[PDB]
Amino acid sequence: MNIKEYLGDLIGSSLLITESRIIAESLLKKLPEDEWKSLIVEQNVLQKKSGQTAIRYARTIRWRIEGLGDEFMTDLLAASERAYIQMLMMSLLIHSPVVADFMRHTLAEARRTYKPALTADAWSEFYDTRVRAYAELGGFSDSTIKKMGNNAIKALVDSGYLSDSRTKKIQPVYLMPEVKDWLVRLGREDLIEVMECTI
């Protein structure tokens, strides 16, 4: 249990639907990291409030997206809107497995048990599960864990599993074949299951 590998940067960000396109285009330009750094801090293309938060967000989309295909980023930028969102959701699940676990432990259980919606403390119930299993998961302020959950919920809202953040009505979502194939390519078919846990 490495905390950073389990959590990713969920505490800080959700799908990052906007900033991820900018960081995608920049990565395919194969820039010197002189030029790539000035684009982020000096030029400040992410619209951030500080030099370090500009880097924080850039770090996160890089760890999420760069290690996948250099061909991945091409289809990412080339995709339809919901394929773009699905592919971002796919890379979120890879980079923050907590979201995958949350979907198995909570959404699937909700759909298999015929509950039409999640409850407001679904995330915290789930997170307590995880702290019992790995005690270092609870070395955070409550607000951190809540922000982490809000980021998880927004991702599930954004990618179509939940009607909205407030009522959290479970809705069906299907994988597009193009994102299936990237899961087979990445050798992560275990997640096909996860991304259809609401059917």
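Residue indices: 1-based, along the sequence shown.
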Of 67-75 and 85-93, the one with larger mean CA B-factor: 67-75
Segment of higher mean CA temperature factor, 125-133 or 97-105: 125-133
Out of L162, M148, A155, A58, highest CA B-factor residue: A58
Out of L191, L15, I22, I11, highest CA B-factor residue: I22
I170 by Cα B-factor - lowest, middle or highest third of the modelled chain: lowest
Third of the chain, ranked by Cα B-factor, where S141 sits: middle
Relative C-alpha B-factor of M1, binned into the chain's lowest, middle or highest third: highest
